[PDB]
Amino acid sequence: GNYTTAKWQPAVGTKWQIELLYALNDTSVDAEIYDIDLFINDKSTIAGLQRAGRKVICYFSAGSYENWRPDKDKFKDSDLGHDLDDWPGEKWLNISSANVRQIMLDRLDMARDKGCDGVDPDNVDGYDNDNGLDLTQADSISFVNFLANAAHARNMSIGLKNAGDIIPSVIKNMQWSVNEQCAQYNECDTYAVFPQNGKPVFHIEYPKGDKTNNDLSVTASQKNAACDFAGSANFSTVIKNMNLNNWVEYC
């Protein structure tokens, strides 16, 4: 068995919340799992959630350079590829680089030290984008399994962010999927293999679109499009703003 094990395996259907825009300042949402930013949340916030019986997944970008992070200066010029979408503040990483991999180990150390129960590593799908580094599916598979073994070695769980094409090659090392918008793009069957194997899909839809963020609701039709799909009863769906601030609705 060329995989490592995690002690925390959340159940299919576990209710969750995700808030990545700012330091978490709303724990009123009755969700068992909170996915929050690794860097901008402190140990006391994470422990406070766990004291309330919740599990904390710590988000970070494993496949992109973000120019606002406190470790941004660790990255070398040779680690960086093309902009994610025309802004140099976020760039694709050479995920095969020893230096990139060591930075991600440093970030996993931080997650462990802060008490994170699991980690949610973003942008492991450079192969499906204009990355400028000839990234491949095999590169992501190697990288994701590297991240999973490193997280498990630090007693943390991990999951696959989108990247549906590589599911067969990493799923044994994953404790969940985080999916965005499979309902909008006719791909939820791809991700349904996770609950078929006892693992949740933490599922996000963005019905207000990519330019509107507010605390107001969506239509019943937009809610039904996000919520009702084959096997959706096994997906842990949240309806969110694209900016992933506090606001959330549940199915």
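The numbering used is simple: start at 1 and walk along the sequence shown.
Averaged over their C-alpha atoms, the temperature factors of 141 to 149 and 77 to 85 are higher for 77 to 85. The question of which stretch, 238 to 246 or 225 to 233, has the higher mean Cα B factor is settled in favour of 225 to 233.
Ranked against the other modelled residues of its chain, the C-alpha B-factor of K211 as given in the entry falls in the highest third. Ranked within its chain, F194 lands in the highest third, by CA B factor from the PDB record. Among the modelled residues of the chain, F39 sits in the lowest third by CA temperature factor in this PDB entry. Ranked against the other modelled residues of its chain, the C-alpha B-factor of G132 as given in the entry falls in the highest third. In the PDB entry, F202 places in the middle third of its chain by CA B-factor.
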